[PDB]
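Visitor: Sharing a structure below in structure tokens format, with a few things to ask.
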Amino acid sequence: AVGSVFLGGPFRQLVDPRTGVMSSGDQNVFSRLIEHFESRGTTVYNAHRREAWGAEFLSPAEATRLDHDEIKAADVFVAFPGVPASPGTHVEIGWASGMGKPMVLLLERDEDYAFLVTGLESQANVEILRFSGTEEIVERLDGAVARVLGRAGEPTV
Amino acid sequence: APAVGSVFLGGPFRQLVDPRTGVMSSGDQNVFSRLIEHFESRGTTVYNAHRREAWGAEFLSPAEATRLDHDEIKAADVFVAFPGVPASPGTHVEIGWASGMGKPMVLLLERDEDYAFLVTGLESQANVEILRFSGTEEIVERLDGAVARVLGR
Ligand SMILES: Nc1ccn([C@@H]2O[C@H](COP(=O)(O)O)[C@@H](O)[C@H]2O)c(=O)n1
Ligand SMILES: Nc1ccn([C@@H]2O[C@H](COP(=O)(O)O)[C@@H](O)[C@H]2O)c(=O)n1
């Protein structure tokens, strides 16, 4: 029941400078979430896959425009803010919250996140999904997406 | 040049609070204070969390901080911020709020340090001017010109 999702998360910090690409492992976490949605026929926008995991980077101007456009187009925004913080994902969190996009933020359990990320709870249309592994995310994500989509339009601060 | 009514000043906060004392260092408070005074002495109202929260001694809750910052950014004529090295998580959220609402922005980038693609990419896709700097005096000398240019659009 979800037409499209934008999936965000750390990119630069995950690129191995020796290889110019994200590891198999980091690619796998994003790929699990991408396939989770795509298997239901949902369109998934994701820069990491788009840019061949770091091998075919866009220019900063192109990356920025395309990401904003894809977030605007998508029904829901799902993202890992990152530990340490992903600068681009944090910009994206600002774009999405500022435009009233339904959001699911994937936060590592027992890690500290920014005041301006956790403070979005109850003030933007956001659900926080704390996780201790990728399987937990896969198990809980559909419920969280459905809830924030169900709230789209409810007034928020 | 356009009249400048108000500025929201952002930058690293958590990473600058000395865990030994619970407050920002003198040197760090001074950077923000100089920029605040720069604007206020020129008739411009300044919104700034660092001063508001007593340099770390009087933090707001995450919810209050988030709401107040978003509201003050929405209110302000221009957004001026240090994205930080290393990146300030909250300032990057604020950069997203400001760019997303089409706010005139001046981003203060340390010269010869690397910043994010989605920050430098704003230079051409949003109403932003990047001001690279090697010291506080350079920022103070160049800020009015940068503000005038973004406010003019
Ligand atoms: N080359 C890049 C770098 C970041 N980004 C966007 O910003 C986020 C990652 O930011 P970082 O590289 O700063 O961690 C991703 O969610 C992605 O959408 C991008 O689309 N292309
Ligand atoms: N307690 C806090 C923490 C962050 N912030 C906002 O976010 C930025 C700082 O983010 P960090 O603390 O993540 O570096 C500032 O520009 C400030 O406006 C705040 O207003 N109050």
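Chain labels follow the order of the structure tokens: the first chain is A, the next B, and so on; residue numbering restarts at 1 in every chain, and ligands are counted from 1 in their shown order.
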Give me, as JSON lines, each residue of chain A that comes within 10 Å of ligand 1, together with its shortest interatomic pair and the distance in Å at one decimal, counting only C-alpha atoms and all ligand atoms, with rows ordered by chain and rising residue number.
Guide:
```
{"residue": "A:6", "atom": "CA", "partner": "ligand 1", "partner_atom_place_in_ligand_line": "18 (O)", "distance": 8.3}
{"residue": "A:7", "atom": "CA", "partner": "ligand 1", "partner_atom_place_in_ligand_line": "16 (O)", "distance": 6.7}
{"residue": "A:8", "atom": "CA", "partner": "ligand 1", "partner_atom_place_in_ligand_line": "16 (O)", "distance": 3.2}
{"residue": "A:9", "atom": "CA", "partner": "ligand 1", "partner_atom_place_in_ligand_line": "16 (O)", "distance": 4.1}
{"residue": "A:10", "atom": "CA", "partner": "ligand 1", "partner_atom_place_in_ligand_line": "14 (O)", "distance": 3.6}
{"residue": "A:11", "atom": "CA", "partner": "ligand 1", "partner_atom_place_in_ligand_line": "12 (O)", "distance": 3.8}
{"residue": "A:12", "atom": "CA", "partner": "ligand 1", "partner_atom_place_in_ligand_line": "12 (O)", "distance": 3.7}
{"residue": "A:13", "atom": "CA", "partner": "ligand 1", "partner_atom_place_in_ligand_line": "14 (O)", "distance": 5.9}
{"residue": "A:14", "atom": "CA", "partner": "ligand 1", "partner_atom_place_in_ligand_line": "14 (O)", "distance": 7.8}
{"residue": "A:15", "atom": "CA", "partner": "ligand 1", "partner_atom_place_in_ligand_line": "12 (O)", "distance": 8.7}
{"residue": "A:45", "atom": "CA", "partner": "ligand 1", "partner_atom_place_in_ligand_line": "18 (O)", "distance": 8.8}
{"residue": "A:46", "atom": "CA", "partner": "ligand 1", "partner_atom_place_in_ligand_line": "18 (O)", "distance": 6.3}
{"residue": "A:47", "atom": "CA", "partner": "ligand 1", "partner_atom_place_in_ligand_line": "20 (O)", "distance": 4.4}
{"residue": "A:48", "atom": "CA", "partner": "ligand 1", "partner_atom_place_in_ligand_line": "17 (C)", "distance": 6.6}
{"residue": "A:49", "atom": "CA", "partner": "ligand 1", "partner_atom_place_in_ligand_line": "20 (O)", "distance": 9.5}
{"residue": "A:50", "atom": "CA", "partner": "ligand 1", "partner_atom_place_in_ligand_line": "20 (O)", "distance": 8.3}
{"residue": "A:51", "atom": "CA", "partner": "ligand 1", "partner_atom_place_in_ligand_line": "21 (N)", "distance": 7.2}
{"residue": "A:53", "atom": "CA", "partner": "ligand 1", "partner_atom_place_in_ligand_line": "1 (N)", "distance": 9.2}
{"residue": "A:54", "atom": "CA", "partner": "ligand 1", "partner_atom_place_in_ligand_line": "1 (N)", "distance": 7.1}
{"residue": "A:55", "atom": "CA", "partner": "ligand 1", "partner_atom_place_in_ligand_line": "1 (N)", "distance": 9.7}
{"residue": "A:56", "atom": "CA", "partner": "ligand 1", "partner_atom_place_in_ligand_line": "1 (N)", "distance": 8.8}
{"residue": "A:57", "atom": "CA", "partner": "ligand 1", "partner_atom_place_in_ligand_line": "1 (N)", "distance": 5.4}
{"residue": "A:58", "atom": "CA", "partner": "ligand 1", "partner_atom_place_in_ligand_line": "1 (N)", "distance": 6.0}
{"residue": "A:59", "atom": "CA", "partner": "ligand 1", "partner_atom_place_in_ligand_line": "1 (N)", "distance": 7.3}
{"residue": "A:60", "atom": "CA", "partner": "ligand 1", "partner_atom_place_in_ligand_line": "1 (N)", "distance": 6.6}
{"residue": "A:61", "atom": "CA", "partner": "ligand 1", "partner_atom_place_in_ligand_line": "21 (N)", "distance": 9.6}
{"residue": "A:62", "atom": "CA", "partner": "ligand 1", "partner_atom_place_in_ligand_line": "21 (N)", "distance": 8.6}
{"residue": "A:63", "atom": "CA", "partner": "ligand 1", "partner_atom_place_in_ligand_line": "20 (O)", "distance": 4.9}
{"residue": "A:64", "atom": "CA", "partner": "ligand 1", "partner_atom_place_in_ligand_line": "20 (O)", "distance": 6.5}
{"residue": "A:65", "atom": "CA", "partner": "ligand 1", "partner_atom_place_in_ligand_line": "20 (O)", "distance": 9.0}
{"residue": "A:66", "atom": "CA", "partner": "ligand 1", "partner_atom_place_in_ligand_line": "20 (O)", "distance": 7.6}
{"residue": "A:67", "atom": "CA", "partner": "ligand 1", "partner_atom_place_in_ligand_line": "18 (O)", "distance": 5.7}
{"residue": "A:68", "atom": "CA", "partner": "ligand 1", "partner_atom_place_in_ligand_line": "18 (O)", "distance": 8.6}
{"residue": "A:70", "atom": "CA", "partner": "ligand 1", "partner_atom_place_in_ligand_line": "18 (O)", "distance": 9.1}
{"residue": "A:71", "atom": "CA", "partner": "ligand 1", "partner_atom_place_in_ligand_line": "18 (O)", "distance": 8.9}
{"residue": "A:78", "atom": "CA", "partner": "ligand 1", "partner_atom_place_in_ligand_line": "16 (O)", "distance": 9.3}
{"residue": "A:79", "atom": "CA", "partner": "ligand 1", "partner_atom_place_in_ligand_line": "16 (O)", "distance": 7.0}
{"residue": "A:80", "atom": "CA", "partner": "ligand 1", "partner_atom_place_in_ligand_line": "16 (O)", "distance": 8.0}
{"residue": "A:81", "atom": "CA", "partner": "ligand 1", "partner_atom_place_in_ligand_line": "16 (O)", "distance": 8.5}
{"residue": "A:82", "atom": "CA", "partner": "ligand 1", "partner_atom_place_in_ligand_line": "14 (O)", "distance": 7.8}
{"residue": "A:84", "atom": "CA", "partner": "ligand 1", "partner_atom_place_in_ligand_line": "14 (O)", "distance": 9.3}
{"residue": "A:85", "atom": "CA", "partner": "ligand 1", "partner_atom_place_in_ligand_line": "14 (O)", "distance": 7.4}
{"residue": "A:86", "atom": "CA", "partner": "ligand 1", "partner_atom_place_in_ligand_line": "14 (O)", "distance": 3.8}
{"residue": "A:87", "atom": "CA", "partner": "ligand 1", "partner_atom_place_in_ligand_line": "13 (O)", "distance": 4.0}
{"residue": "A:88", "atom": "CA", "partner": "ligand 1", "partner_atom_place_in_ligand_line": "10 (O)", "distance": 3.2}
{"residue": "A:89", "atom": "CA", "partner": "ligand 1", "partner_atom_place_in_ligand_line": "8 (C)", "distance": 4.2}
{"residue": "A:90", "atom": "CA", "partner": "ligand 1", "partner_atom_place_in_ligand_line": "10 (O)", "distance": 7.6}
{"residue": "A:91", "atom": "CA", "partner": "ligand 1", "partner_atom_place_in_ligand_line": "7 (O)", "distance": 7.5}
{"residue": "A:92", "atom": "CA", "partner": "ligand 1", "partner_atom_place_in_ligand_line": "7 (O)", "distance": 6.8}
{"residue": "A:93", "atom": "CA", "partner": "ligand 1", "partner_atom_place_in_ligand_line": "16 (O)", "distance": 9.2}
```
Visitor: Selected residues, N, CA and C atoms, written as a short mmCIF file (atom, residue, chain, number, x, y, z; two decimals), in the first residue's frame, please.
Guide:
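Output file part12.cif is given in full below:
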```cif
data_model
loop_
_atom_site.label_atom_id
_atom_site.label_comp_id
_atom_site.auth_asym_id
_atom_site.auth_seq_id
_atom_site.Cartn_x
_atom_site.Cartn_y
_atom_site.Cartn_z
N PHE A 6 11.67 7.00 -0.22
CA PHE A 6 13.06 7.44 -0.34
C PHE A 6 13.82 6.86 0.84
N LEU A 7 14.93 6.17 0.56
CA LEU A 7 15.77 5.58 1.60
C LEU A 7 17.10 6.34 1.66
N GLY A 8 17.37 6.94 2.82
CA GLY A 8 18.60 7.68 3.07
C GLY A 8 19.47 7.07 4.15
N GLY A 9 20.74 7.47 4.20
CA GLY A 9 21.62 7.02 5.27
C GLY A 9 23.06 7.36 4.91
N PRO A 10 23.99 7.09 5.83
CA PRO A 10 25.41 7.42 5.61
C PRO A 10 25.90 6.92 4.27
N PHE A 11 26.72 7.73 3.60
CA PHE A 11 27.26 7.34 2.31
C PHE A 11 28.78 7.58 2.35
N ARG A 12 29.19 8.84 2.45
CA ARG A 12 30.63 9.14 2.42
C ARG A 12 31.46 8.35 3.44
N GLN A 13 30.98 8.28 4.68
CA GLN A 13 31.71 7.58 5.74
C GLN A 13 31.80 6.06 5.48
N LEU A 14 31.00 5.54 4.55
CA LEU A 14 30.98 4.11 4.27
C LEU A 14 31.79 3.74 3.03
N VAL A 15 32.26 4.74 2.29
CA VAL A 15 33.05 4.50 1.09
C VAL A 15 34.50 4.18 1.45
N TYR A 45 13.50 4.99 -4.12
CA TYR A 45 14.55 5.93 -4.47
C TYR A 45 15.69 5.81 -3.47
N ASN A 46 16.91 5.65 -3.96
CA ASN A 46 18.03 5.49 -3.08
C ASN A 46 19.31 5.89 -3.77
N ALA A 47 20.00 6.87 -3.22
CA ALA A 47 21.19 7.41 -3.89
C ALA A 47 22.31 6.40 -3.96
N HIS A 48 22.45 5.60 -2.90
CA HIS A 48 23.58 4.67 -2.81
C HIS A 48 23.57 3.71 -3.99
N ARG A 49 22.43 3.08 -4.25
CA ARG A 49 22.28 2.21 -5.42
C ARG A 49 22.41 2.98 -6.75
N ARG A 50 21.76 4.14 -6.84
CA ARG A 50 21.78 5.02 -8.02
C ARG A 50 23.21 5.33 -8.46
N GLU A 51 24.09 5.56 -7.48
CA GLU A 51 25.46 6.00 -7.70
C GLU A 51 26.44 4.83 -7.63
N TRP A 53 27.00 2.62 -5.48
CA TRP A 53 27.66 2.41 -4.19
C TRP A 53 28.93 3.22 -4.02
N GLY A 54 29.05 4.28 -4.81
CA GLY A 54 30.18 5.19 -4.71
C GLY A 54 31.01 5.25 -5.98
N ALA A 55 30.82 4.27 -6.84
CA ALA A 55 31.61 4.15 -8.08
C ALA A 55 31.24 5.16 -9.18
N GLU A 56 29.99 5.62 -9.17
CA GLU A 56 29.48 6.52 -10.21
C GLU A 56 28.77 7.69 -9.54
N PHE A 57 29.54 8.42 -8.73
CA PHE A 57 29.05 9.60 -8.03
C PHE A 57 28.55 10.69 -8.99
N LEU A 58 27.46 11.34 -8.60
CA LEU A 58 27.03 12.59 -9.22
C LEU A 58 27.86 13.76 -8.70
N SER A 59 27.81 14.89 -9.40
CA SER A 59 28.34 16.14 -8.89
C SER A 59 27.55 16.55 -7.65
N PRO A 60 28.14 17.35 -6.75
CA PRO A 60 27.36 17.80 -5.58
C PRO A 60 26.04 18.48 -5.95
N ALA A 61 26.06 19.33 -6.98
CA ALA A 61 24.85 20.01 -7.41
C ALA A 61 23.79 19.02 -7.90
N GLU A 62 24.19 18.06 -8.73
CA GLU A 62 23.26 17.05 -9.23
C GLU A 62 22.74 16.14 -8.11
N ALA A 63 23.63 15.73 -7.22
CA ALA A 63 23.23 14.85 -6.12
C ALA A 63 22.18 15.55 -5.27
N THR A 64 22.44 16.82 -4.98
CA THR A 64 21.57 17.60 -4.10
C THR A 64 20.18 17.78 -4.74
N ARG A 65 20.15 18.19 -6.01
CA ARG A 65 18.88 18.40 -6.70
C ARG A 65 18.05 17.12 -6.81
N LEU A 66 18.69 16.04 -7.23
CA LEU A 66 18.01 14.77 -7.44
C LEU A 66 17.47 14.23 -6.11
N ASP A 67 18.27 14.32 -5.05
CA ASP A 67 17.80 13.84 -3.75
C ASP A 67 16.62 14.63 -3.25
N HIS A 68 16.65 15.96 -3.37
CA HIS A 68 15.51 16.76 -2.95
C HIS A 68 14.27 16.41 -3.78
N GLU A 70 13.61 13.59 -5.30
CA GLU A 70 13.13 12.25 -4.99
C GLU A 70 12.44 12.21 -3.63
N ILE A 71 12.97 12.97 -2.66
CA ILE A 71 12.28 13.05 -1.38
C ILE A 71 10.89 13.67 -1.55
N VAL A 78 12.50 7.21 4.67
CA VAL A 78 13.05 6.28 5.66
C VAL A 78 14.55 6.50 5.70
N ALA A 79 15.15 6.72 6.87
CA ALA A 79 16.59 7.01 6.86
C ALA A 79 17.29 6.62 8.14
N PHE A 80 18.55 6.20 8.01
CA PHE A 80 19.48 6.07 9.13
C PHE A 80 20.22 7.41 9.33
N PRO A 81 20.04 8.07 10.49
CA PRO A 81 20.85 9.31 10.65
C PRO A 81 22.35 9.02 10.75
N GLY A 82 22.72 7.81 11.20
CA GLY A 82 24.11 7.40 11.25
C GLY A 82 24.78 7.61 12.61
N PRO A 84 28.89 7.51 13.41
CA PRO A 84 28.67 8.94 13.56
C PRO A 84 27.69 9.50 12.54
N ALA A 85 27.19 10.70 12.85
CA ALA A 85 26.19 11.37 12.03
C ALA A 85 26.60 11.47 10.57
N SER A 86 25.67 11.13 9.67
CA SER A 86 25.81 11.39 8.24
C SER A 86 25.39 12.82 7.96
N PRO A 87 26.30 13.66 7.49
CA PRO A 87 25.93 15.05 7.23
C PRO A 87 24.80 15.19 6.20
N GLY A 88 24.91 14.50 5.06
CA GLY A 88 23.88 14.58 4.04
C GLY A 88 22.54 14.05 4.53
N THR A 89 22.55 12.97 5.31
CA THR A 89 21.26 12.45 5.79
C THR A 89 20.60 13.44 6.74
N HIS A 90 21.43 14.14 7.52
CA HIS A 90 20.88 15.14 8.42
C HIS A 90 20.26 16.31 7.63
N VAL A 91 20.91 16.73 6.55
CA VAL A 91 20.28 17.73 5.66
C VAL A 91 18.94 17.20 5.14
N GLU A 92 18.93 15.95 4.69
CA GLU A 92 17.71 15.32 4.20
C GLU A 92 16.59 15.22 5.25
N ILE A 93 16.97 14.95 6.49
CA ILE A 93 16.03 14.93 7.59
C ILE A 93 15.39 16.32 7.76
#
```
Visitor: Which chains and residue numbers are within 10 Å of ligand 2, counting only C-alpha atoms and all ligand atoms, if I want them as a PyMOL selection string?
Guide: (chain A and resi 85+90+113-117+119) or (chain B and resi 8-17+47-53+55-70+72-73+80-84+86-95)
Visitor: Using Å and a single decimal, report how far CA of residue 118 in chain B sits from CA of residue 36 in chain B.
Guide: 26.7 Å
